[PDB]
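Overview (structure and organization)
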Amino acid sequence: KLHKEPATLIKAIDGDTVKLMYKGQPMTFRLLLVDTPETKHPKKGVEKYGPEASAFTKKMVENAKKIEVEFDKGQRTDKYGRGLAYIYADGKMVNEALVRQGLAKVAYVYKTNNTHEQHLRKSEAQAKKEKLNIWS
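Residues numbered from 1 in each chain as written, not as in the entry; some residues may be left out. Heavy atoms only, no water.

Further remarks concern the UniProt feature "binding site: Ca(2+)" in the protein chain. According to UniProt, the positions carrying the feature "binding site: Ca(2+)" are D16, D35 and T36. The largest pairwise C-alpha distance within this set of annotated residues, which runs over 21 residues, is 6.8 Å, so the set is compact in three dimensions. Of the annotated positions mentioned, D16, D35 and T36 line the largest pocket. Assignment of secondary structure puts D35 in strand β4 (residues 34–35). Here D35 falls in the partly exposed class, since its relative accessible area comes to 36%. Non-local contacts of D35, meaning those with residues more than four positions away in its chain, are made with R30, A104, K105 and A107. Reaching out from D35, the side chain makes a polar contact with the side chain of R30 at a distance of 3.1 Å. If we ignore the near neighbours within four places in the chain, the residues touching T36 are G15, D16, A53, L98, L103 and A104. For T36, the side chain forms a polar contact with the main-chain nitrogen of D16, separated by 3.3 Å. (UniProt positions renumbered as here; feature names shortened; annotations may be inferred. 1 Å grid on protein atoms, 1.4 Å probe; cavity = no way out; pocket = protein on both sides within 12 Å on 5 of 7 lines; lining within 4 Å. Helix = DSSP H or I, 4+ residues; strand = E, 2+ residues; numbered from the N terminus. Buried < 20%, exposed > 50% of the residue type's maximum accessible area, 1.4 Å probe, protein only. Contact = heavy atoms within 4.5 Å. Polar contact = N/O pair within 3.5 Å; in protein donor to acceptor, adjacent residues only side chain to side chain.)

Within this model, the largest pocket holds a volume of roughly 320 Å³. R30, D35, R82, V109 and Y110 are, among the 19 residues lining the largest pocket, the residues nearest its centre. Those elements that provide at least two residues to the lining of the largest pocket are β3 (25–31) and β4. Residues that form the lining of the largest pocket fall into these classes: ten nonpolar, two polar and seven charged. (Points joined across faces, edges and corners; volume = space filled by probe spheres on them. Nonpolar A, V, L, I, M, F, W, Y, C, P; charged D, E, K, R; others polar.)

Our focus in this paragraph is the packing of aromatic side chains. This structure, assessed with the given rule, holds three aromatic pairs. Look at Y22 and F29: their rings are 5.9 Å apart centre to centre, the planes differ by 85°, and that puts the pair in the edge-to-face class. Side by side, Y22 and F29 carry an identical accessibility label, which is buried. For the pair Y22 and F71, a centre-to-centre distance of 5.5 Å together with 70° between the ring planes defines the contact as edge-to-face. Linking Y22 in strand β2 (residues 17–22) with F71 in strand β5 (residues 67–71), this pair joins segments that are 49 residues apart in sequence. Linked through ring pairs, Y22, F29 and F71 together constitute an aromatic cluster. One residue, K4, lies across the ring of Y88, its end atom 4.4 Å from the ring centre. (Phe/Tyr/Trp six-rings, centres within 6.5 Å; stacked < 30°, edge-to-face > 60°. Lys NZ or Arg CZ within 6 Å of the ring centre and 35° of its normal.)

Written out as structure tokens, the structure reads:
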């Protein structure tokens, strides 16, 4: 059973990355199970839908009154020291909102952290079906 913990927005970095104050310390969080187009792609510049996926995440966390983080059952940090979690803004999962809007693809790359994989897969199909953004 997963559980949500409070956090405070510090700043939105990218479509898939946000800096939050968590248990009194600043931490960078990488959104579990999604891959958004990058704006800070180490190699490829600004990918198509990057600006849009970034604006989307930023808007959602910046306008929330409450942000919560939910770790999965596997490892909690990646090799870069980023927290791996599902982020909620006023009870809405950011992870799902992105996929539903066709601003992210379902990744899945830490076999243990899969609690919401199916849920996300269904939203991605719907976004595909509606040919939105990425799927357009």
